[PDB]
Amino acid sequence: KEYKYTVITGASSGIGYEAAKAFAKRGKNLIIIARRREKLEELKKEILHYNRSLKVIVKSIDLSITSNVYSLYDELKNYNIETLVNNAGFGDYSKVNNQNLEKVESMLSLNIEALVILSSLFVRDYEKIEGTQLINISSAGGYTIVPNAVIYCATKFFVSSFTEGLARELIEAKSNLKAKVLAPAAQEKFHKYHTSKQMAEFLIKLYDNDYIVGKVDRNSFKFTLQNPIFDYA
């Protein structure tokens, strides 16, 4: 009607959970989507305790089923979407020769199909609305192939190339909507890693700035805003 919402898939844990909290601290109304309804309701209670005025819509749904992706987007037609974050995803690490192919089907339906459908529907309806942003969560593994993660990385090469191509297509069309891609990287005693909260801070930095790519170097773990990486014709 008049309120604007920030939509986050995969909001029940990890980066999406902390991303919801980061946008709530910026005073944004939220629609938070995942399978674990009880975890989303917990997140909603935390957010509203911090700021009572915010609107927070819980949507429990399995986005690995194609029909649920379209029906989710239809349920959202009554809300003015300012920002869509495609963060729902998962990863399976294995040699290809003995990988669980049902998990592969899950990585494809969620990491690729759900993200591209929601991205494309959002672009269809909001391309011309000022202030809109599409933020797709890829991975550092969407720009570097990582041993024992061949199929997962391929899904993120899809996310990164799709999002870079879309961002450049929107710019060429002088569209109001912007598209951006976040590419996070990663016993804990000896190895560098970022927390989910730190990763959400990188998401916010990507949102606030006008670079298409926000990427963590897998070697140095420095986070850098940068221009598209892939070759473009």
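Sequential numbering from 1, following the sequence displayed.
Missing deposited residues between residue 186 and residue 187: 10 or more, all without coordinates in the entry.
Two stretches are in play, 32-40 and 193-201, and the higher mean C-alpha B-factor belongs to 32-40.
Relative to one another, 74-82 and 127-135 have unequal mean CA B-factors, and 74-82 is the one with the higher figure. In the deposited entry, the Cα temperature factor of residue 222 sits in the middle third of values across the chain's modelled residues. Residue 208: CA B factor in the middle third of modelled residues in this chain (values from the PDB entry). Looking at the C-alpha B-factors along this chain, the one for residue 178 belongs to the middle third. For residue 167, the recorded CA B-factor ranks within the lowest third of the chain. Only modelled residues enter the ranking. In the PDB entry, a CA B factor belonging to the lowest third of its chain's modelled residues is recorded for residue 215.
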